[PDB]
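Residue numbers (the entry's author numbering), protein chains in the order written: chain M, 41 to 85; chain H, 77 to 107, 144 to 234.
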């Protein structure tokens, strides 16, 4: 009984630790985005 | 003689990396500004350092830097035509009293043209 409830509480704690790593990756994406995008025509998908 | 006084600023107004600006026109404004070059090339940039957000208008020539494109100074639009620059004259030799006669055809032109310009409140 306590084992089932302990794995669900620790699951959200592990996601919160990985959430800070994703936020750091989002900052890297924002840093990798620079104002000029120029222009490109997409002729095929 | 006048060139010597302007050579002092030559260490700034010349060697600076700002002045080499690329002139272009902003096609789309998002409030990201889509700007089309003269080489048939476009890009998207933001404001500058001293650039005000209300100075940039739709369909206006906007100069940007040559290396890394960024808005620096706005420019008046319609820069292509060179023909109408010579159409404006200055100080015509014919005066107002050169037209001979007291004929009332003179009084009709001054009231519809000269009067609203000199006395707009009449």
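Ideal Cβ placement from N, Cα and C applies to all residues, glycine included.
Hey, could you find the ends of the beta strand (DSSP E) residue i is sitting in?
i, result
"residue 98(H)", "97-105"
"residue 57(M)", "Note, residue 57(M): premise wrong, no beta strand (DSSP E); alpha helix (DSSP H) at 42-72."
Anything in chain A within Cβ reach of residue i, meaning under 7 angstroms, just list it in chain order.
i, result
"residue 59(M)", "The structure shown contains no chain A; its protein chains are M and H."
Assuming residue i contacts residue j under a Cβ cut-off of 8 angstroms, what Cβ separation, rounded to an integer in Å, is found between them?
i, j, result
"residue 157(H)", "residue 147(H)", "7 angstroms"
"residue 98(H)", "residue 162(H)", "Wrong, their Cβ atoms sit about 18 angstroms apart, outside the cutoff."
"residue 191(H)", "residue 173(H)", "6 angstroms"
"residue 184(H)", "residue 94(H)", "7 angstroms"
"residue 224(H)", "residue 218(H)", "About 12 angstroms separates the two Cβ atoms, so there is no contact after all."
Please tell me whether residue i has its Cβ less than 8 angstroms away from any Cβ of chain H.
i, result
"residue 79(M)", "yes"
"residue 51(M)", "no"
"residue 48(M)", "no"
Identify the residues that DSSP records as bridge partners of residue i: which are they?
i, result
"residue 175(H)", "99(H) and 185(H)"
"residue 81(M)", "DSSP lists no partner for residue 81(M)."
"residue 145(H)", "105(H) and 157(H)"
Contact criterion: CB-CB distance below 8 angstroms. Does residue i meet it with respect to chain M?
i, result
"residue 158(H)", "yes"
"residue 154(H)", "yes"
"residue 208(H)", "no"
Which residues bound the alpha helix (DSSP H) around residue i?
i, result
"residue 218(H)", "217-221"
"residue 79(H)", "78-82"
"residue 136(H)", "No atoms are given for residue 136(H), which sits in the stretch of chain H between 107 and 144 that the model skips."
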